[PDB]
Every structure is written in C-alpha cells, then in structure tokens.
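Encoded as structure tokens, the structure appears first; notes follow it.
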Amino acid sequence: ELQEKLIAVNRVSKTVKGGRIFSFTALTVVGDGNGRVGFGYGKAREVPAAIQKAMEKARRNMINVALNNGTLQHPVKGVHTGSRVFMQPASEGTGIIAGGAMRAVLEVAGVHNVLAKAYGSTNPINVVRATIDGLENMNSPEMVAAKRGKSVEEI
RNA sequence: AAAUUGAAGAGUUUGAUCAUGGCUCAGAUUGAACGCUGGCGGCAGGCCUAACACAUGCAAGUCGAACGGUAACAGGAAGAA
C-alpha cells in the first residue's frame, strides 16, 4: 500500500580489546502518499538487517498532517538540534524543490509542491526530525475556526 | 483581461558521534583569451593594454540672386579671313 524511501546509511564503530566492531545505521521514511509519515532509524551488524529494523520502527511511530491539495497550509519553520528548516507552500507545478533528506520526507508525505530550504546543519537524521517537527505543528483553517470559535471568510 | 509562479545541496577534522568552523565543488554570466575541431545562414559585436609614437589618402564647406571681376573652358558677336 504505502511508499518507503531509504535516505542514509552510515557505518558506525565501537572500539574493543580486539579492535573495531563496525555496525550500520540506516534511516528510512514511510508514508501513505497522503499526509501520514513515520521515520525509523535501525542499527545492525549487516546492512539489510538494519534497513529492516528501520522500516519496522517507521511504520509504528507515524503521524498525521493536514495538507491542502497536495501542498502545505501555510509557511512553516522547524528545528531540531543544528538543523533549521523553512518550508513554504507553492503553486501547482513547482514540484518538490528541496534538499537531500527533506526531499524524501515530503515525497512520501504526499506533498507535491513546496519551496523548502535547510539552514544550519544538514545532518540527515536531524533534518528529518526538523521537517516532521515542522509538518506536525502546522495547522489547518478548520482547526483554527475551532480554537477561536469562528468559521469566517478566513475560511 | 494580463503586467512576475519564488528559495535543493554535496565533499573534506573523528576509532565513531553531535556541534562549531574554514577550504572545495555542482549554476548563471563575459568586449573574453588559449587548446582541439569546424558545413550554411540570420541578427548583433569586435585595442579592456601605451591619453605611446605615427608614413599615406580621405573626415567642412558652400554661396555669382552681396561685390570688383576674368584664369580657365563653353558658346556667341564684331572681325582677321
């Protein structure tokens, strides 16, 4: 049913008496092409073992986001650790113009049209956190009608 | 009626990590030059340096309806023939 990218694969390491124990991190996002998105981050001693642990960790751990016609409601910021991340809704036929890890997250979230920009660090893991941080706090016209107790021509 | 619709990152410090922070790259542009190559046309462009020095030709004349005029070369006239 649902779409599932592999962003990144580091090799990490841990020292012992012997010498080095190498190990692999992978990093994946999944999503329903229609405003749900998890990311998961696996580790294992082999690489295909690790992608699998991530794809599982992503399915559970997966959040809703109200899009509008396949783009954002309004121009959002977002931040995690070093990565700042600004995204802006776009007119139809821009495409997803956007960085490395950003571009994955938005594609499977089912955003079709955005102007992103990553300032700060661009560490893949902290950017997909900062991007999702952005998208989940972003808020629909129907939510704010409810907040303030209206339903105006602002709708 | 229409007169702007616009914003991508990557590599390199560590055994590994996150951060800071430099170096480098991917684009557009040019009165360009150099190298290898080269069929045709259209429209543009062409001493950025020595405001260094210049042979040769040409780049400001016109007016006889302002004037006295004849040296030219066109006729005409008296007149040698």
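The chains in the structure tokens are called A, B, ... from first to last as shown; in each chain the residues are counted from 1, and the ligands are counted from 1 in the order shown.
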Select all residues from chain A having any atom no more than 12 Å from an atom of chain B (counting only C-alpha atoms (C1' of nucleotides), ignoring ligands), output as a CSV table (one decimal) with N, CA and C atoms, in the first residue's frame.
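That gives us result10.csv:
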```
chain,number,residue,atom,x,y,z
A,10,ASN,N,25.0,5.2,7.3
A,10,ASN,CA,26.3,5.2,7.9
A,10,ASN,C,26.9,3.9,8.2
A,11,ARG,N,28.2,3.8,8.3
A,11,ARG,CA,28.9,2.8,9.1
A,11,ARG,C,29.4,3.5,10.4
A,12,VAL,N,29.0,3.0,11.5
A,12,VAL,CA,29.5,3.5,12.8
A,12,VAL,C,30.4,2.4,13.4
A,13,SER,N,31.0,2.8,14.5
A,13,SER,CA,32.0,1.9,15.1
A,13,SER,C,32.3,2.1,16.6
A,14,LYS,N,32.8,1.1,17.2
A,14,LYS,CA,32.9,0.9,18.7
A,14,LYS,C,34.1,0.2,18.9
A,15,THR,N,35.0,0.6,19.8
A,15,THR,CA,36.3,0.0,19.9
A,15,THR,C,36.3,-1.0,21.1
A,16,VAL,N,37.1,-2.0,21.0
A,16,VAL,CA,37.2,-3.0,22.0
A,16,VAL,C,38.7,-3.5,22.1
A,19,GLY,N,39.7,-4.9,18.2
A,19,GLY,CA,39.9,-3.6,17.6
A,19,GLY,C,38.7,-2.9,17.4
A,20,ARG,N,38.1,-2.9,16.2
A,20,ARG,CA,36.8,-2.2,15.9
A,20,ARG,C,35.7,-3.2,15.6
A,21,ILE,N,34.6,-2.9,16.3
A,21,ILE,CA,33.3,-3.5,15.9
A,21,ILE,C,32.5,-2.5,15.0
A,22,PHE,N,32.5,-2.8,13.7
A,22,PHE,CA,31.7,-2.0,12.8
A,22,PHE,C,30.3,-2.4,12.8
A,23,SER,N,29.4,-1.5,12.4
A,23,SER,CA,28.0,-1.6,12.5
A,23,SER,C,27.3,-0.6,11.6
A,24,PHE,N,26.1,-0.8,11.2
A,24,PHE,CA,25.4,0.0,10.2
A,24,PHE,C,24.2,0.6,10.7
A,25,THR,N,24.0,1.9,10.6
A,25,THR,CA,22.8,2.6,10.8
A,25,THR,C,22.1,2.8,9.4
A,80,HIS,N,15.4,21.1,14.9
A,80,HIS,CA,15.9,20.1,15.8
A,80,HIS,C,17.4,20.1,15.8
A,81,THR,N,18.0,20.4,17.0
A,81,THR,CA,19.4,20.4,17.2
A,81,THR,C,20.0,21.5,16.2
A,82,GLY,N,21.0,21.1,15.3
A,82,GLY,CA,21.6,22.0,14.4
A,82,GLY,C,20.7,22.4,13.2
A,83,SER,N,19.8,21.6,12.8
A,83,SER,CA,19.0,21.7,11.6
A,83,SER,C,17.8,22.6,11.8
A,85,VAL,N,15.0,24.7,9.2
A,85,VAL,CA,14.3,24.1,8.1
A,85,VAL,C,13.0,25.0,7.9
A,86,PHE,N,13.0,25.7,6.8
A,86,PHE,CA,11.9,26.5,6.4
A,86,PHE,C,11.2,25.9,5.2
A,87,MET,N,9.9,25.8,5.2
A,87,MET,CA,9.1,25.3,4.1
A,87,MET,C,7.9,26.2,3.8
A,88,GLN,N,7.5,26.3,2.6
A,88,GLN,CA,6.6,27.4,2.1
A,88,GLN,C,5.7,26.7,1.1
A,89,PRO,N,4.4,27.0,1.1
A,89,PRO,CA,3.5,26.3,0.1
A,89,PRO,C,3.7,27.0,-1.2
A,90,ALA,N,3.5,26.2,-2.3
A,90,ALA,CA,3.8,26.6,-3.6
A,90,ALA,C,2.6,26.4,-4.6
A,91,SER,N,2.6,27.1,-5.7
A,91,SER,CA,1.6,27.0,-6.8
A,91,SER,C,1.8,25.7,-7.5
A,92,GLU,N,0.8,25.2,-8.1
A,92,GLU,CA,0.8,23.8,-8.7
A,92,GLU,C,1.7,23.8,-9.9
A,93,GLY,N,2.6,22.8,-9.9
A,93,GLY,CA,3.6,22.6,-10.9
A,93,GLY,C,5.0,23.2,-10.6
A,94,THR,N,5.2,23.6,-9.4
A,94,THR,CA,6.6,23.7,-8.9
A,94,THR,C,7.4,22.4,-8.8
A,95,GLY,N,6.7,21.3,-8.3
A,95,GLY,CA,7.4,20.2,-7.8
A,95,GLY,C,8.0,20.4,-6.4
A,96,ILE,N,8.6,19.4,-5.9
A,96,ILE,CA,9.2,19.4,-4.6
A,96,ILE,C,10.6,20.0,-4.8
A,97,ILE,N,10.8,21.3,-4.6
A,97,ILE,CA,12.1,21.9,-4.7
A,97,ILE,C,12.7,22.1,-3.3
A,98,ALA,N,13.7,21.3,-3.0
A,98,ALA,CA,14.0,20.9,-1.6
A,98,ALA,C,15.3,20.0,-1.6
A,99,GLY,N,15.9,20.0,-0.4
A,99,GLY,CA,17.3,19.5,-0.3
A,99,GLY,C,17.4,18.0,-0.4
A,100,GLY,N,18.3,17.4,0.4
A,100,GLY,CA,18.6,16.0,0.5
A,100,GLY,C,17.5,15.2,1.2
A,101,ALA,N,17.5,15.3,2.5
A,101,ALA,CA,16.7,14.4,3.3
A,101,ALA,C,15.2,14.9,3.4
A,102,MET,N,15.1,16.2,3.5
A,102,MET,CA,13.8,16.9,3.2
A,102,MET,C,13.0,16.3,2.0
A,103,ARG,N,13.7,16.1,0.9
A,103,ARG,CA,13.0,15.7,-0.3
A,103,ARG,C,12.3,14.3,-0.3
A,104,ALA,N,13.0,13.4,0.4
A,104,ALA,CA,12.4,12.1,0.8
A,104,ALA,C,11.1,12.3,1.6
A,113,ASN,N,4.2,20.0,-4.0
A,113,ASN,CA,4.6,21.3,-4.4
A,113,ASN,C,5.0,22.2,-3.2
A,114,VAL,N,6.3,22.3,-3.0
A,114,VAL,CA,6.9,23.1,-1.9
A,114,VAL,C,8.2,23.8,-2.3
A,115,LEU,N,8.5,24.9,-1.6
A,115,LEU,CA,9.8,25.5,-1.6
A,115,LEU,C,10.4,25.4,-0.2
A,116,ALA,N,11.3,24.4,-0.1
A,116,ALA,CA,12.0,24.2,1.2
A,116,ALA,C,13.3,24.9,1.2
A,117,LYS,N,13.9,25.0,2.3
A,117,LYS,CA,15.3,25.4,2.4
A,117,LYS,C,15.8,25.0,3.8
A,118,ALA,N,16.9,24.2,3.8
A,118,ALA,CA,17.6,23.8,5.1
A,118,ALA,C,18.8,24.7,5.4
A,119,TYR,N,18.6,25.5,6.4
A,119,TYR,CA,19.8,26.2,7.0
A,119,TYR,C,20.5,25.3,8.0
A,120,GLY,N,21.5,25.8,8.7
A,120,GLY,CA,22.2,25.2,9.8
A,120,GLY,C,23.0,24.0,9.4
A,121,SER,N,23.0,22.9,10.2
A,121,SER,CA,23.5,21.6,9.8
A,121,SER,C,22.6,21.0,8.7
A,122,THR,N,23.1,20.1,8.0
A,122,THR,CA,22.2,19.2,7.2
A,122,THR,C,22.5,17.7,7.5
A,123,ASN,N,22.6,17.4,8.7
A,123,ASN,CA,22.7,16.0,9.2
A,123,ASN,C,21.4,15.3,8.9
A,125,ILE,N,19.7,12.8,9.8
A,125,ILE,CA,18.8,12.4,10.9
A,125,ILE,C,18.1,13.5,11.5
A,126,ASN,N,18.8,14.6,11.8
A,126,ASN,CA,18.2,15.8,12.5
A,126,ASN,C,17.4,16.7,11.5
```
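Across the structure, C1' of residue 45 in chain B and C1' of residue 59 in chain B are spaced 24.5 Å apart.
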Would you mind writing down, as JSON, numbers by chain, each residue of range 20-120 of chain A that DSSP on the backbone assigns to alpha helix (DSSP H)? {"A": [47, 48, 49, 50, 51, 52, 53, 54, 55, 56, 57, 58, 59, 101, 102, 103, 104, 105, 106, 107, 108, 109]}
